[PDB]
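Residue strings, one per chain:
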Amino acid sequence: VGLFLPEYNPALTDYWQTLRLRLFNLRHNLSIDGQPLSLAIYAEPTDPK
Amino acid sequence: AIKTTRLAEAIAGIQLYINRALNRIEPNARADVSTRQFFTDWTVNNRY
C-alpha cells in the first residue's frame, strides 16, 4: 500500500476549538476577548534606606 | 474568582439536568413524563 489517507473535516474541528476557547474564557473570569474582568494590585515598595 | 448564590446554582444545575435528559443523552428517561405542558414549552421556560 502506497496510497493516501482520508482527512478530517476542518469545520467540525473549528467548532471544537471555538467551544474549548469559550469555555476556558468563561471559567477563568475573563471577557469574550480574553480581557481580564478583575483589577490587580500594585504592591507598593516600602521606602528606601 | 467567580461568585454565585445557592439558589442560582441550584437553578443552573436543574436546568442542566433537564437539558441532558430531554435530548436523550442520559438513557432511560421517562418518555411519558417528558411530554408534560411545562417541557413542551421548554423553548421559553429554559431562561428565567
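- What the entry reports as its method is cryo-EM, with 3.40 Å given for the resolution.

**Observations regarding the overall build of chain A**
- Broken down by element type, chain A carries 1 helix and 0 strands.
- If you line up chain A on its principal axes, its C-alpha atoms span 75 × 25 × 15 Å.
- Within chain A, the proportion of its 49 residues that are buried is 6%.
- About 5,500 Å² of surface is accessible on chain A, with carbon and sulfur atoms providing 64% of the total.
- With 4 positive and 5 negative side-chain charges, chain A shows a spacing of 7 Å between the two charge centroids.

**Some words on helix α1 (residues 10-27) of chain A**
All names here are of chain A.
- Taking 1.5 Å per residue as the helical rise, α1 with its 18 residues ought to reach 26 Å, and the 26 Å between its terminal C-alpha atoms agrees with that figure.
- Among the residues of α1, the N-terminal cap falls to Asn 9, whose side-chain oxygen and the backbone nitrogen of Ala 11 are separated by 3.2 Å.
- Directly after α1, the chain includes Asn 29, whose backbone phi takes a positive value near 55 degrees.

Scoring rules and cut-offs
- Residue numbers count from 1 along every chain, following the sequence as written rather than necessarily the entry numbering; any residue without coordinates is not displayed.
- For this description, chains carry letters from A and ligands carry numbers from 1, given in the order in which they are written.
- Scope of values: limited to the chains shown, which are part of a larger assembly.
- Remark: hydrogens and water are excluded; side-chain values derive from all non-hydrogen atoms of the structure.
- Note on conventions: DSSP H or I runs of at least 4 residues are helices, E runs of at least 2 residues are strands, and numbering of each starts at the N terminus.
- Burial classes: relative accessible area under 20% of the type maximum marks a residue as buried, over 50% as exposed, and values in between as partly exposed (1.4 Å probe, protein chains only).
- Calculation of accessible area relied on Shrake-Rupley with a 1.4 Å probe; when residues are assessed, cover is drawn exclusively from the protein chains displayed.
- For the charge count, each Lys or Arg is scored as positive and each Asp or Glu as negative, with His and the chain ends excluded.
- Every charge is mapped onto a representative atom, which is NZ of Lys, CZ of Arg, CG of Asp or CD of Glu.
- Multiplying 1.5 Å by the residue count of a helix minus one yields the expected span of that helix.
- Throughout this description, a polar contact denotes any pair of N or O atoms lying within 3.5 Å of each other; where both atoms belong to protein, one of them has to be capable of donating a hydrogen while the other can accept it, and for residues adjacent in sequence the pair is counted only when both atoms sit in side chains.

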